[PDB]
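S.K.: Below you will find the structure I want to go over with you.
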Amino acid sequence: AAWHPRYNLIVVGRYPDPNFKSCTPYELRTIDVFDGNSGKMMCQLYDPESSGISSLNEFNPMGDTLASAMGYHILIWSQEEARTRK
Amino acid sequence: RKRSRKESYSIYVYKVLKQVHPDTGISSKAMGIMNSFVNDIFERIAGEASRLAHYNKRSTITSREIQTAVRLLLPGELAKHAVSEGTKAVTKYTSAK
Amino acid sequence: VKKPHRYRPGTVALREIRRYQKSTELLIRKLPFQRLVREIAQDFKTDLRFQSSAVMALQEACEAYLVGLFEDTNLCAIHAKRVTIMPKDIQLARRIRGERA
Amino acid sequence: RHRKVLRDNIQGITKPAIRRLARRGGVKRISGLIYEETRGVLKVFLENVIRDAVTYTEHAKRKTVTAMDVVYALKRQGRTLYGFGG
DNA sequence: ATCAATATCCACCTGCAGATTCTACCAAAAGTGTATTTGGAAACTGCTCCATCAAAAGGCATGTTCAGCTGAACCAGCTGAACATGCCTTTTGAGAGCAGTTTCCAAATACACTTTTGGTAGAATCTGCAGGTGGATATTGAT
DNA sequence: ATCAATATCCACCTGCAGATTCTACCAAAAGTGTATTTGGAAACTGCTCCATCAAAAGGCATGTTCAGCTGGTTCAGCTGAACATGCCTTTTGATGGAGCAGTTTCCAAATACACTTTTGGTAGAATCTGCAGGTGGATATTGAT
């Protein structure tokens, strides 16, 4: 697990367990993002073509980028499409 | 270096096999099978002999009770041959101490 | 030959019979059987682990029991002048053996 | 996706395996209905055996089921087994 | 029946994954001696068992008779085996839990003596039930 | 539908073999106290269980083709349940008297138990070869024709 440098967030990778008492009926492998000083979750990142398990997850010191290291893979999750110029 | 000691009947079976068919070996798994087989037969006979003792208010289990148990469990000629071997064996034991 | 070679019905089964009766290797694949064992054990007690040899032993016992059952089944079938086994044969066999269901 | 391999359960014990077992039993021609019933039967057998094994397991305060427990459980049901210890 | 296809049987070769064999030891077998049991010779009794009789009675042997059953022929159809295939599920290889020992002890439990003591053998009464007695139904089959 | 024939359930009801009550004992249950034996809570060691991800080998979900099995129908025998009849093997019910079930005496034959002294059965480290696997080719087997 890891902090986010400029907020009170937490970022973690998931690894389902059939024996864990799940509150949710849907248990998929994904990146979870919790709040530090409350207890509960606030966001979940998921993308097919990456259905492996995210071992490592690290944000930037800047706050605008994320990297993930899965087995035999390195993934970059940065923000998407914008509009265009002439 | 805690070093265990698990007992078995393997070596005796191997001896008998080399006596009866000298040019032949036997794998470990089959020997394990024969070991379990011997254990099973021993348990059956001992249990039967025990019940025979209890029904007749006898506190000693003797060769006679073993003989009776064998006559019960086993069929026919197999019983007769086993009994003959046992009688020969006990007769040899009783004399040549 | 213009025609692909084709055996008449009731020969490849026989070939299978002789092949599988000459050999002793287990017919069922390990993994789904393993998953089945774990799934069933979960409903009685939680967080159990299984040694491999225990699963192999169970597999052997199951195959021997079913093999014997199919033998008895085929006899029950043959009594009715059929060659194809059906469920009522199985139900009869289990009724005669003295088991529950 | 709903793959759940054929049920994520017993239905992975496919038809041709049952066919092979029936071939060992001398069987030549099999109806389509056999399969389901067979599975049910198998399940029942396994249940009883495992229960006894687990009961032995519970007596010794272990969480790993051993071969010996299974052998004894098979012995009490009149299905003695040789070749896995005792 | 003849010939093509094609799996199965069977000769010949190599190496390595399991079989077999050497070696230093410790749990186990065995010989003394004693004590401590225990089951067979001897002697008897008394309940229960083995060979006979006699007066019925209820069941077996044998002999008619016919309603209803067990194969044998045949066949519409269904349904489950044989193959192309592609495609997708199953095999293989790159640290911490827990089974298996070990200390050793607070707790559990056999065992010698007495003291009760409820359980059992056996005499002395109860009464529900095996029979009977008779009447009213309920199946069954003929018609 | 209906109505005669046989078999079955149900109210009254009585004397007794089996059920229950009641004495009087003494062979089992507890108490007290003691001597002896244990299962289970702390340390420690070495197998081997949890069950991901690439790369690859080989098994199955699907669809396709058709022969040979199921299971329905029709029917010629046939054979076995019902039954009457006689009579004759068994049922009750006694009586005898021989001898085995079972008991008691007691001590000669067989064994635990406790000690000491061999010893061979079992891990672990060095050697072997039968068989897995491969390679290849003659004959047996199905089946079209």
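Naming scheme: A, B, ... for chains in displayed order of the structure tokens; residues 1 onward per chain; ligands 1 onward as shown.
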Can I get the residues of chain D within 8 Å of chain B, each with the closest pair of atoms and their distance in Å to one decimal, using only C-alpha atoms, sorted chain first then ascending number, as JSON lines?
M.R.:
```
{"residue": "D:82", "atom": "CA", "partner": "B:33", "partner_atom": "CA", "distance": 5.6}
{"residue": "D:83", "atom": "CA", "partner": "B:33", "partner_atom": "CA", "distance": 4.7}
{"residue": "D:84", "atom": "CA", "partner": "B:32", "partner_atom": "CA", "distance": 7.7}
{"residue": "D:85", "atom": "CA", "partner": "B:36", "partner_atom": "CA", "distance": 6.5}
{"residue": "D:86", "atom": "CA", "partner": "B:36", "partner_atom": "CA", "distance": 4.8}
```
S.K.: Could you write out the selected residues, including N, CA, C and O atoms, as a short mmCIF file (atom, residue, chain, number, x, y, z; two decimals), in the first residue's frame?
M.R.:
```cif
data_model
loop_
_atom_site.label_atom_id
_atom_site.label_comp_id
_atom_site.auth_asym_id
_atom_site.auth_seq_id
_atom_site.Cartn_x
_atom_site.Cartn_y
_atom_site.Cartn_z
N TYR D 82 -6.19 -49.94 0.07
CA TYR D 82 -4.80 -50.30 0.22
C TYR D 82 -3.95 -49.40 -0.65
O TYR D 82 -4.36 -49.01 -1.74
N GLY D 83 -2.77 -49.07 -0.15
CA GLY D 83 -1.76 -48.41 -0.94
C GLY D 83 -1.57 -46.95 -0.63
O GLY D 83 -0.94 -46.24 -1.43
N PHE D 84 -2.07 -46.47 0.49
CA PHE D 84 -1.86 -45.10 0.92
C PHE D 84 -1.59 -45.01 2.41
O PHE D 84 -1.81 -43.96 3.01
N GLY D 85 -1.12 -46.09 3.01
CA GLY D 85 -0.72 -46.08 4.39
C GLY D 85 -1.78 -46.71 5.26
O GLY D 85 -2.88 -46.17 5.40
N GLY D 86 -1.45 -47.86 5.84
CA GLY D 86 -2.36 -48.54 6.74
C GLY D 86 -3.60 -49.09 6.05
O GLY D 86 -4.67 -48.49 6.10
#
```
S.K.: List the spatial neighbours of residue 1 of chain C as a CSV table (one decimal) with C-alpha atoms (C1' of nucleotides), in the first residue's frame - criterion: any atom at most 10 Å away, only C-alpha atoms (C1' of nucleotides), same-chain residues fewer than 5 positions off excluded.
M.R.:
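Output file out-v8.csv is given in full below:
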```csv
chain,number,residue,atom,x,y,z
E,4,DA,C1',-6.4,-51.2,-49.7
E,5,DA,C1',-6.1,-48.6,-45.1
F,144,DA,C1',-15.3,-50.9,-49.4
```
S.K.: Quick one: residues within 12 Å of segment 6-22 of chain C, only C-alpha atoms (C1' of nucleotides), excluding same-chain residues fewer than 3 positions away - as an mmCIF file with N, CA, C and O atoms (P, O5', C5', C4', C3', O3' and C1' of nucleotides), in the first residue's frame?
M.R.:
```
data_model
loop_
_atom_site.group_PDB
_atom_site.id
_atom_site.type_symbol
_atom_site.label_atom_id
_atom_site.label_comp_id
_atom_site.auth_asym_id
_atom_site.auth_seq_id
_atom_site.Cartn_x
_atom_site.Cartn_y
_atom_site.Cartn_z
ATOM 1 N N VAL C 1 -9.098 -43.330 -51.324
ATOM 2 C CA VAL C 1 -10.527 -43.615 -51.355
ATOM 3 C C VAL C 1 -11.302 -42.302 -51.273
ATOM 4 O O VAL C 1 -10.995 -41.445 -50.442
ATOM 5 N N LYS C 2 -12.294 -42.152 -52.159
ATOM 6 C CA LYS C 2 -13.147 -40.965 -52.159
ATOM 7 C C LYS C 2 -13.772 -40.732 -50.792
ATOM 8 O O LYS C 2 -13.884 -39.590 -50.332
ATOM 9 N N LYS C 3 -14.163 -41.777 -50.149
ATOM 10 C CA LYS C 3 -14.801 -41.744 -48.847
ATOM 11 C C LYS C 3 -13.732 -41.713 -47.759
ATOM 12 O O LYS C 3 -12.779 -42.494 -47.823
ATOM 13 N N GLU C 25 -3.951 -46.154 -15.606
ATOM 14 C CA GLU C 25 -3.865 -44.732 -15.342
ATOM 15 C C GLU C 25 -5.244 -44.151 -15.087
ATOM 16 O O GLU C 25 -6.246 -44.587 -15.656
ATOM 17 N N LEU C 26 -5.284 -43.156 -14.214
ATOM 18 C CA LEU C 26 -6.536 -42.510 -13.862
ATOM 19 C C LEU C 26 -7.133 -41.796 -15.059
ATOM 20 O O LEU C 26 -6.431 -41.154 -15.840
ATOM 21 N N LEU C 27 -8.447 -41.888 -15.182
ATOM 22 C CA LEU C 27 -9.137 -41.332 -16.323
ATOM 23 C C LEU C 27 -9.566 -39.898 -16.124
ATOM 24 O O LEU C 27 -9.686 -39.166 -17.108
ATOM 25 N N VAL C 67 -16.722 -47.754 -11.014
ATOM 26 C CA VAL C 67 -16.471 -48.855 -11.931
ATOM 27 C C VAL C 67 -17.310 -50.062 -11.534
ATOM 28 O O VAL C 67 -17.996 -50.679 -12.366
ATOM 29 N N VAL C 83 -28.953 -53.055 -24.148
ATOM 30 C CA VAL C 83 -27.519 -52.839 -24.151
ATOM 31 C C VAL C 83 -27.168 -51.455 -23.663
ATOM 32 O O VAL C 83 -26.014 -51.204 -23.316
ATOM 33 N N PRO D 16 -16.774 -37.100 -21.605
ATOM 34 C CA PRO D 16 -15.882 -38.179 -22.032
ATOM 35 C C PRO D 16 -15.156 -38.851 -20.894
ATOM 36 O O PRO D 16 -14.814 -40.033 -21.005
ATOM 37 N N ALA D 17 -14.939 -38.160 -19.782
ATOM 38 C CA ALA D 17 -14.365 -38.842 -18.634
ATOM 39 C C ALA D 17 -15.324 -39.898 -18.102
ATOM 40 O O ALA D 17 -14.923 -41.039 -17.830
ATOM 41 N N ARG D 19 -17.501 -41.316 -19.837
ATOM 42 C CA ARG D 19 -17.538 -42.342 -20.858
ATOM 43 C C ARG D 19 -16.397 -43.309 -20.657
ATOM 44 O O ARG D 19 -16.573 -44.524 -20.750
ATOM 45 N N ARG D 20 -15.224 -42.782 -20.342
ATOM 46 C CA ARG D 20 -14.074 -43.639 -20.128
ATOM 47 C C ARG D 20 -14.309 -44.550 -18.940
ATOM 48 O O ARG D 20 -14.032 -45.756 -18.995
ATOM 49 N N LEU D 21 -14.853 -43.997 -17.868
ATOM 50 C CA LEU D 21 -15.143 -44.823 -16.711
ATOM 51 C C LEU D 21 -16.145 -45.907 -17.056
ATOM 52 O O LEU D 21 -16.011 -47.053 -16.617
ATOM 53 N N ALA D 22 -17.140 -45.572 -17.873
ATOM 54 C CA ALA D 22 -18.129 -46.568 -18.257
ATOM 55 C C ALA D 22 -17.490 -47.627 -19.133
ATOM 56 O O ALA D 22 -17.895 -48.795 -19.119
ATOM 57 N N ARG D 23 -16.465 -47.240 -19.880
ATOM 58 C CA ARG D 23 -15.755 -48.213 -20.682
ATOM 59 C C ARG D 23 -15.006 -49.178 -19.794
ATOM 60 O O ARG D 23 -14.922 -50.371 -20.094
ATOM 61 N N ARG D 24 -14.470 -48.687 -18.686
ATOM 62 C CA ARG D 24 -13.827 -49.600 -17.753
ATOM 63 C C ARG D 24 -14.825 -50.567 -17.147
ATOM 64 O O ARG D 24 -14.466 -51.697 -16.806
ATOM 65 N N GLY D 25 -16.071 -50.149 -17.007
ATOM 66 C CA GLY D 25 -17.105 -51.013 -16.482
ATOM 67 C C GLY D 25 -17.737 -51.929 -17.489
ATOM 68 O O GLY D 25 -18.723 -52.596 -17.172
ATOM 69 N N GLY D 26 -17.211 -51.974 -18.695
ATOM 70 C CA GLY D 26 -17.696 -52.894 -19.680
ATOM 71 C C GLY D 26 -18.834 -52.373 -20.496
ATOM 72 O O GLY D 26 -19.444 -53.136 -21.243
ATOM 73 N N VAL D 27 -19.129 -51.108 -20.392
ATOM 74 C CA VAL D 27 -20.300 -50.533 -21.014
ATOM 75 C C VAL D 27 -19.964 -50.113 -22.428
ATOM 76 O O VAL D 27 -18.850 -49.659 -22.700
ATOM 77 N N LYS D 28 -20.937 -50.234 -23.320
ATOM 78 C CA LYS D 28 -20.749 -49.973 -24.734
ATOM 79 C C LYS D 28 -21.527 -48.779 -25.244
ATOM 80 O O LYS D 28 -21.018 -48.041 -26.088
ATOM 81 N N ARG D 29 -22.748 -48.583 -24.774
ATOM 82 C CA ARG D 29 -23.631 -47.554 -25.296
ATOM 83 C C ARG D 29 -24.335 -46.858 -24.149
ATOM 84 O O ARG D 29 -24.981 -47.515 -23.330
ATOM 85 N N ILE D 30 -24.223 -45.532 -24.104
ATOM 86 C CA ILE D 30 -24.638 -44.746 -22.952
ATOM 87 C C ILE D 30 -25.649 -43.700 -23.374
ATOM 88 O O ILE D 30 -25.442 -42.993 -24.362
ATOM 89 P P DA E 5 -4.954 -47.362 -50.542
ATOM 90 O "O5'" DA E 5 -5.720 -46.908 -49.210
ATOM 91 C "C5'" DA E 5 -5.761 -47.787 -48.109
ATOM 92 C "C4'" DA E 5 -6.416 -47.167 -46.903
ATOM 93 C "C3'" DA E 5 -5.473 -46.440 -45.975
ATOM 94 O "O3'" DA E 5 -6.162 -45.453 -45.222
ATOM 95 C "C1'" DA E 5 -6.077 -48.580 -45.069
ATOM 96 P P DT E 6 -5.353 -44.474 -44.238
ATOM 97 O "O5'" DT E 6 -5.241 -45.313 -42.884
ATOM 98 C "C5'" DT E 6 -6.394 -45.953 -42.367
ATOM 99 C "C4'" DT E 6 -6.061 -46.874 -41.208
ATOM 100 C "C3'" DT E 6 -4.884 -46.437 -40.335
ATOM 101 O "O3'" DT E 6 -5.204 -46.564 -38.966
ATOM 102 C "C1'" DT E 6 -4.608 -48.644 -40.970
ATOM 103 P P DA E 7 -4.386 -45.728 -37.871
ATOM 104 O "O5'" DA E 7 -4.379 -46.680 -36.595
ATOM 105 C "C5'" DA E 7 -5.558 -46.845 -35.867
ATOM 106 C "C4'" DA E 7 -5.616 -48.208 -35.218
ATOM 107 C "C3'" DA E 7 -4.654 -48.396 -34.058
ATOM 108 O "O3'" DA E 7 -5.254 -49.155 -33.011
ATOM 109 C "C1'" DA E 7 -4.121 -49.932 -35.793
ATOM 110 P P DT E 8 -4.468 -49.396 -31.628
ATOM 111 O "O5'" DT E 8 -3.797 -50.831 -31.827
ATOM 112 C "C5'" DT E 8 -4.581 -51.891 -32.350
ATOM 113 C "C4'" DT E 8 -3.819 -53.204 -32.357
ATOM 114 C "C3'" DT E 8 -2.875 -53.403 -31.180
ATOM 115 O "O3'" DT E 8 -2.839 -54.782 -30.791
ATOM 116 C "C1'" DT E 8 -1.632 -53.476 -33.163
ATOM 117 P P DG E 80 -29.997 -41.019 -26.434
ATOM 118 O "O5'" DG E 80 -28.606 -41.772 -26.412
ATOM 119 C "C5'" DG E 80 -28.579 -43.090 -26.812
ATOM 120 C "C4'" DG E 80 -27.495 -43.339 -27.831
ATOM 121 C "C3'" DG E 80 -26.172 -42.612 -27.585
ATOM 122 O "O3'" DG E 80 -25.059 -43.426 -27.962
ATOM 123 C "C1'" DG E 80 -26.978 -42.036 -29.659
ATOM 124 P P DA E 81 -23.563 -43.029 -27.523
ATOM 125 O "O5'" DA E 81 -22.664 -43.476 -28.761
ATOM 126 C "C5'" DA E 81 -22.127 -44.771 -28.807
ATOM 127 C "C4'" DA E 81 -21.904 -45.227 -30.237
ATOM 128 C "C3'" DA E 81 -20.580 -44.809 -30.823
ATOM 129 O "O3'" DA E 81 -20.211 -45.581 -31.959
ATOM 130 C "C1'" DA E 81 -22.227 -43.639 -31.894
ATOM 131 P P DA E 82 -18.756 -45.359 -32.615
ATOM 132 O "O5'" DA E 82 -19.010 -44.674 -34.059
ATOM 133 C "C5'" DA E 82 -18.354 -45.207 -35.240
ATOM 134 C "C4'" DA E 82 -17.879 -44.119 -36.202
ATOM 135 C "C3'" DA E 82 -16.492 -43.561 -35.931
ATOM 136 O "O3'" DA E 82 -15.832 -43.238 -37.130
ATOM 137 C "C1'" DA E 82 -18.053 -41.845 -35.780
ATOM 138 P P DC E 83 -14.289 -42.804 -37.094
ATOM 139 O "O5'" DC E 83 -14.299 -41.286 -37.617
ATOM 140 C "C5'" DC E 83 -14.892 -40.990 -38.869
ATOM 141 C "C4'" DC E 83 -14.887 -39.497 -39.175
ATOM 142 C "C3'" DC E 83 -13.585 -38.756 -38.886
ATOM 143 O "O3'" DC E 83 -13.304 -37.844 -39.931
ATOM 144 C "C1'" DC E 83 -15.346 -37.729 -37.725
ATOM 145 P P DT F 65 -23.514 -32.904 -42.885
ATOM 146 O "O5'" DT F 65 -22.930 -34.382 -42.751
ATOM 147 C "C5'" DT F 65 -23.478 -35.426 -43.528
ATOM 148 C "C4'" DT F 65 -23.324 -36.757 -42.823
ATOM 149 C "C3'" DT F 65 -24.479 -37.733 -43.004
ATOM 150 O "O3'" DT F 65 -24.179 -38.661 -44.023
ATOM 151 C "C1'" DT F 65 -23.557 -37.748 -40.773
ATOM 152 P P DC F 66 -25.353 -39.490 -44.732
ATOM 153 O "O5'" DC F 66 -25.633 -40.677 -43.711
ATOM 154 C "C5'" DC F 66 -24.575 -41.532 -43.352
ATOM 155 C "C4'" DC F 66 -24.953 -42.413 -42.178
ATOM 156 C "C3'" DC F 66 -26.067 -43.421 -42.475
ATOM 157 O "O3'" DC F 66 -25.641 -44.716 -42.188
ATOM 158 C "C1'" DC F 66 -26.453 -42.324 -40.423
ATOM 159 P P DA F 67 -26.206 -45.951 -43.032
ATOM 160 O "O5'" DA F 67 -26.032 -47.177 -42.034
ATOM 161 C "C5'" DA F 67 -24.781 -47.400 -41.427
ATOM 162 C "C4'" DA F 67 -24.941 -47.871 -39.997
ATOM 163 C "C3'" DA F 67 -25.683 -49.183 -39.822
ATOM 164 O "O3'" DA F 67 -25.214 -49.849 -38.677
ATOM 165 C "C1'" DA F 67 -26.918 -47.502 -38.789
ATOM 166 P P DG F 68 -25.542 -51.398 -38.446
ATOM 167 O "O5'" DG F 68 -25.257 -51.671 -36.886
ATOM 168 C "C5'" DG F 68 -25.258 -50.608 -35.891
ATOM 169 C "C4'" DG F 68 -26.433 -50.704 -34.921
ATOM 170 C "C3'" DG F 68 -27.217 -52.034 -34.929
ATOM 171 O "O3'" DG F 68 -27.593 -52.488 -33.623
ATOM 172 C "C1'" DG F 68 -28.681 -50.234 -35.264
ATOM 173 P P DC F 69 -26.563 -52.712 -32.407
ATOM 174 O "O5'" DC F 69 -27.143 -51.707 -31.314
ATOM 175 C "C5'" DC F 69 -28.493 -51.328 -31.451
ATOM 176 C "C4'" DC F 69 -28.996 -50.471 -30.320
ATOM 177 C "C3'" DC F 69 -29.815 -51.188 -29.283
ATOM 178 O "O3'" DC F 69 -29.864 -50.433 -28.092
ATOM 179 C "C1'" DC F 69 -31.238 -49.991 -30.773
ATOM 180 P P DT F 141 -6.743 -60.869 -35.588
ATOM 181 O "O5'" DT F 141 -7.495 -59.546 -36.063
ATOM 182 C "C5'" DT F 141 -7.287 -58.357 -35.350
ATOM 183 C "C4'" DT F 141 -7.769 -57.156 -36.122
ATOM 184 C "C3'" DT F 141 -9.224 -57.210 -36.582
ATOM 185 O "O3'" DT F 141 -9.884 -56.059 -36.123
ATOM 186 C "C1'" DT F 141 -7.851 -56.483 -38.309
ATOM 187 P P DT F 142 -11.384 -56.121 -35.567
ATOM 188 O "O5'" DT F 142 -12.130 -55.007 -36.423
ATOM 189 C "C5'" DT F 142 -11.867 -54.891 -37.804
ATOM 190 C "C4'" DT F 142 -12.401 -53.596 -38.333
ATOM 191 C "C3'" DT F 142 -13.813 -53.655 -38.851
ATOM 192 O "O3'" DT F 142 -14.429 -52.399 -38.751
ATOM 193 C "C1'" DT F 142 -12.263 -53.490 -40.660
ATOM 194 P P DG F 143 -15.965 -52.220 -39.171
ATOM 195 O "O5'" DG F 143 -15.892 -51.873 -40.732
ATOM 196 C "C5'" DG F 143 -14.984 -50.881 -41.175
ATOM 197 C "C4'" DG F 143 -14.831 -50.873 -42.692
ATOM 198 C "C3'" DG F 143 -16.099 -51.188 -43.483
ATOM 199 O "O3'" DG F 143 -16.259 -50.271 -44.537
ATOM 200 C "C1'" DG F 143 -14.347 -52.553 -44.222
ATOM 201 P P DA F 144 -17.677 -50.119 -45.275
ATOM 202 O "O5'" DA F 144 -17.282 -49.758 -46.787
ATOM 203 C "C5'" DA F 144 -16.382 -48.675 -47.045
ATOM 204 C "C4'" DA F 144 -15.780 -48.767 -48.442
ATOM 205 C "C3'" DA F 144 -16.784 -48.991 -49.559
ATOM 206 O "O3'" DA F 144 -16.428 -48.247 -50.714
ATOM 207 C "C1'" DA F 144 -15.322 -50.883 -49.382
#
```
S.K.: Residues of chain B no more than 12 Å from chain E, counting only C-alpha atoms (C1' of nucleotides): send them over as number ranges by chain.
M.R.: B: 1-7, 14, 24-29, 56-62, 97
S.K.: Give the residues of chain C that lie within 7 Å of chain D; count only C-alpha atoms, and format the answer as an mmCIF file with N, CA and C atoms, in the first residue's frame.
M.R.:
```
data_model
loop_
_atom_site.group_PDB
_atom_site.id
_atom_site.type_symbol
_atom_site.label_atom_id
_atom_site.label_comp_id
_atom_site.auth_asym_id
_atom_site.auth_seq_id
_atom_site.Cartn_x
_atom_site.Cartn_y
_atom_site.Cartn_z
ATOM 1 N N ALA C 13 -15.643 -47.991 -29.420
ATOM 2 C CA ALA C 13 -15.900 -48.240 -28.010
ATOM 3 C C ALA C 13 -15.146 -49.472 -27.546
ATOM 4 N N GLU C 16 -11.639 -48.675 -27.112
ATOM 5 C CA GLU C 16 -11.475 -47.976 -25.848
ATOM 6 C C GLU C 16 -11.488 -48.965 -24.696
ATOM 7 N N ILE C 17 -12.329 -49.994 -24.795
ATOM 8 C CA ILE C 17 -12.431 -50.962 -23.717
ATOM 9 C C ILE C 17 -11.098 -51.639 -23.520
ATOM 10 N N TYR C 20 -8.335 -49.162 -22.163
ATOM 11 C CA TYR C 20 -8.413 -48.719 -20.779
ATOM 12 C C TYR C 20 -8.382 -49.878 -19.805
ATOM 13 N N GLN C 21 -8.717 -51.079 -20.248
ATOM 14 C CA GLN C 21 -8.616 -52.225 -19.376
ATOM 15 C C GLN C 21 -7.223 -52.813 -19.351
ATOM 16 N N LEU C 27 -8.447 -41.888 -15.182
ATOM 17 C CA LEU C 27 -9.137 -41.332 -16.323
ATOM 18 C C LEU C 27 -9.566 -39.898 -16.124
ATOM 19 N N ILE C 28 -9.837 -39.504 -14.910
ATOM 20 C CA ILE C 28 -10.354 -38.179 -14.629
ATOM 21 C C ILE C 28 -9.196 -37.225 -14.420
ATOM 22 N N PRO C 32 -10.311 -30.236 -11.805
ATOM 23 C CA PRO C 32 -11.716 -30.053 -11.428
ATOM 24 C C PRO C 32 -12.107 -30.906 -10.250
ATOM 25 N N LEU C 36 -13.460 -29.493 -6.732
ATOM 26 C CA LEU C 36 -14.693 -30.030 -6.183
ATOM 27 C C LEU C 36 -14.515 -30.404 -4.726
ATOM 28 N N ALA C 41 -15.601 -29.379 0.964
ATOM 29 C CA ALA C 41 -15.085 -29.293 2.320
ATOM 30 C C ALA C 41 -15.397 -27.950 2.944
ATOM 31 N N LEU C 48 -9.773 -25.155 5.369
ATOM 32 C CA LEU C 48 -9.064 -26.416 5.352
ATOM 33 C C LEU C 48 -8.077 -26.468 4.209
ATOM 34 N N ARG C 49 -7.010 -27.205 4.436
ATOM 35 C CA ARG C 49 -6.038 -27.537 3.419
ATOM 36 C C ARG C 49 -6.011 -29.040 3.223
ATOM 37 N N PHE C 50 -5.547 -29.449 2.049
ATOM 38 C CA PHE C 50 -5.513 -30.847 1.670
ATOM 39 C C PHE C 50 -4.137 -31.230 1.167
ATOM 40 N N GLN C 51 -3.609 -32.323 1.694
ATOM 41 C CA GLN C 51 -2.431 -32.934 1.118
ATOM 42 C C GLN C 51 -2.790 -33.547 -0.223
ATOM 43 N N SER C 53 -1.711 -36.391 -1.633
ATOM 44 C CA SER C 53 -1.964 -37.822 -1.576
ATOM 45 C C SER C 53 -3.369 -38.142 -1.094
ATOM 46 N N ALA C 54 -3.962 -37.292 -0.261
ATOM 47 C CA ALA C 54 -5.315 -37.566 0.193
ATOM 48 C C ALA C 54 -6.285 -37.432 -0.959
ATOM 49 N N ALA C 57 -5.921 -40.421 -3.203
ATOM 50 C CA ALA C 57 -6.570 -41.588 -2.626
ATOM 51 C C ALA C 57 -8.074 -41.520 -2.832
ATOM 52 N N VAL C 67 -16.722 -47.754 -11.014
ATOM 53 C CA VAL C 67 -16.471 -48.855 -11.931
ATOM 54 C C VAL C 67 -17.310 -50.062 -11.534
ATOM 55 N N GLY C 68 -17.291 -50.395 -10.245
ATOM 56 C CA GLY C 68 -18.107 -51.496 -9.770
ATOM 57 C C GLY C 68 -19.577 -51.240 -10.021
ATOM 58 N N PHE C 70 -20.920 -49.475 -12.421
ATOM 59 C CA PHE C 70 -21.253 -49.660 -13.823
ATOM 60 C C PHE C 70 -21.307 -51.135 -14.174
ATOM 61 N N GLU C 71 -20.475 -51.961 -13.536
ATOM 62 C CA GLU C 71 -20.565 -53.399 -13.780
ATOM 63 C C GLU C 71 -21.933 -53.922 -13.375
ATOM 64 N N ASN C 74 -24.618 -52.695 -15.751
ATOM 65 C CA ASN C 74 -24.714 -53.384 -17.024
ATOM 66 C C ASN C 74 -25.391 -54.724 -16.860
ATOM 67 N N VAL C 83 -28.953 -53.055 -24.148
ATOM 68 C CA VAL C 83 -27.519 -52.839 -24.151
ATOM 69 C C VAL C 83 -27.168 -51.455 -23.663
ATOM 70 N N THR C 84 -28.139 -50.567 -23.589
ATOM 71 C CA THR C 84 -27.935 -49.193 -23.190
ATOM 72 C C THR C 84 -28.382 -49.021 -21.752
ATOM 73 N N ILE C 85 -27.496 -48.516 -20.930
ATOM 74 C CA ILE C 85 -27.799 -48.314 -19.525
ATOM 75 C C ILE C 85 -28.619 -47.052 -19.361
ATOM 76 N N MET C 86 -29.455 -47.032 -18.341
ATOM 77 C CA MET C 86 -30.322 -45.906 -18.056
ATOM 78 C C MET C 86 -30.422 -45.692 -16.559
ATOM 79 N N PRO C 87 -30.956 -44.556 -16.135
ATOM 80 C CA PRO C 87 -30.958 -44.228 -14.713
ATOM 81 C C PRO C 87 -31.655 -45.231 -13.826
#
```
S.K.: Using 9 Å as the limit and counting only C-alpha atoms (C1' of nucleotides), can you tabulate each residue of chain A that touches chain F, with its shortest atom-to-atom distance in Å and the two atoms involved, as a tab-separated table?
M.R.:
```
residue	atom	partner	partner_atom	distance
A:52	CA	F:53	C1'	8.6
A:53	CA	F:52	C1'	8.6
A:71	CA	F:53	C1'	6.8
A:72	CA	F:53	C1'	7.9
```
S.K.: Those selected residues, please, written with C-alpha atoms and delivered as a PDB file, in the first residue's frame.
M.R.:
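Listed below is the output, part-v2.pdb:
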```
ATOM      1  CA  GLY A  52      -3.770  -9.454 -14.035  1.00  0.00           C
ATOM      2  CA  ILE A  53      -3.291  -8.524 -10.431  1.00  0.00           C
ATOM      3  CA  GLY A  71       3.808  -9.574 -13.274  1.00  0.00           C
ATOM      4  CA  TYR A  72       5.749  -9.186 -16.509  1.00  0.00           C
TER       5      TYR A  72
END
```
S.K.: So how far away is atom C1' of residue 20 of chain F from atom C1' of residue 126 of chain E, in Å?
M.R.: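 Distance between the two atoms: 6.9 Å.
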S.K.: May I ask you to extract the residues of chain C within 12 Å of chain A, using only C-alpha atoms, and to give them as a ChimeraX atom specification?
M.R.: /C:38-39,42-43,45-48
S.K.: Would you output that residue set with C-alpha atoms, as a PDB file, in the first residue's frame?
M.R.:
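Ended up saving to again_3.pdb:
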```
ATOM      1  CA  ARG C  38     -12.204 -28.063  -1.754  1.00  0.00           C
ATOM      2  CA  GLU C  39     -15.642 -26.648  -2.511  1.00  0.00           C
ATOM      3  CA  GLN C  42     -15.760 -25.578   2.664  1.00  0.00           C
ATOM      4  CA  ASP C  43     -19.411 -26.189   3.543  1.00  0.00           C
ATOM      5  CA  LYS C  45     -15.373 -26.457   7.946  1.00  0.00           C
ATOM      6  CA  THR C  46     -13.522 -23.352   6.855  1.00  0.00           C
ATOM      7  CA  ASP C  47      -9.957 -22.767   5.754  1.00  0.00           C
ATOM      8  CA  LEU C  48      -9.064 -26.416   5.352  1.00  0.00           C
TER       9      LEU C  48
END
```
